[PDB]
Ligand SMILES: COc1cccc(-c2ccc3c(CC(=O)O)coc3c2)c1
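Presented as structure tokens, the chain that follows is alone, the form deposited without the named molecule.
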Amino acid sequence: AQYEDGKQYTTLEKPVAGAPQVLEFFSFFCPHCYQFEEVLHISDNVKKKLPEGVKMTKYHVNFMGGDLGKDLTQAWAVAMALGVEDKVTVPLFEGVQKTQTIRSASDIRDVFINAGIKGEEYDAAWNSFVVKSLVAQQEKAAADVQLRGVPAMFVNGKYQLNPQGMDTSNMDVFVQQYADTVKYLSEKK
């Protein structure tokens, strides 16, 4: 069996009309977070096999601390706004996985300002409409699907993949079976 409803992908009780063909949920606070966007390349590897029509969206979660985790979600919006993600992600990814000093919204600012995004430009971006539009759709993304386990993925807001328990001894089969679930999941309709 290769996907038997609940094995690799279970169905949601609340679908989201207009949802992205591949809603990706990940925070800068998980062990896979880094291994997903830095080593395994499972994020860049699936893009290689993403033909026009498969909307792969990557959103940030706000259920990983409550204090700065919520403002770190604002990080995904304030960064995607200035394209400073790649810049503040390195010091943010390494700051949450090899220090644990990233536990205050004020800390998220230290890394943001480290990329030259002074609180003046960062606050301006947030206060703007485009960054706010990504903040609204952000809190909505996790509020529409609800989100309940990082990393989490939702196809067209109707089928969620399930890394719920896959840490055996083959990152190979995971990257192949995973890329296969998204490849066919693009033909979900």
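Residues carry their position along the shown sequence, with the first being 1.
In what follows, reference is made to the form solved in complex with the named molecule, a form of this protein that is not presented.
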Q: Would you say the site is open or blocked once the named molecule, modelled from its placement in the deposited complex, is overlaid by superposing the surrounding C-alphas? Use blocked for 3 or more ligand atoms within 2.4 Å of a backbone or C-beta atom.
A: blocked
Q: Kindly confirm or deny that 3, 185 and 188 each have some heavy atom within 4.5 angstroms of the named molecule in the deposited complex.
A: no
Q.
With the partner left out here, check for me: in the deposited complex, does some heavy atom of residue 158 sit within 4.5 Å of the named molecule?
A. no
Q) Can any non-hydrogen atom of residue 176 be found within 4.5 angstroms of the named molecule in the deposited complex? A) no
Q. So, in the deposited complex, is residue 171 in contact with the named molecule at a 4.5 angstroms heavy atom limit?
A. yes
Q: Check whether residue 40 has any heavy atom within 4.5 Å of a heavy atom of the named molecule in the deposited complex, and answer yes or no.
A: yes
Q: Check each residue of 35-57 against the named molecule in the deposited complex and list those with a heavy atom within 4.5 Å, in sequence order.
A: 35, 36, 40
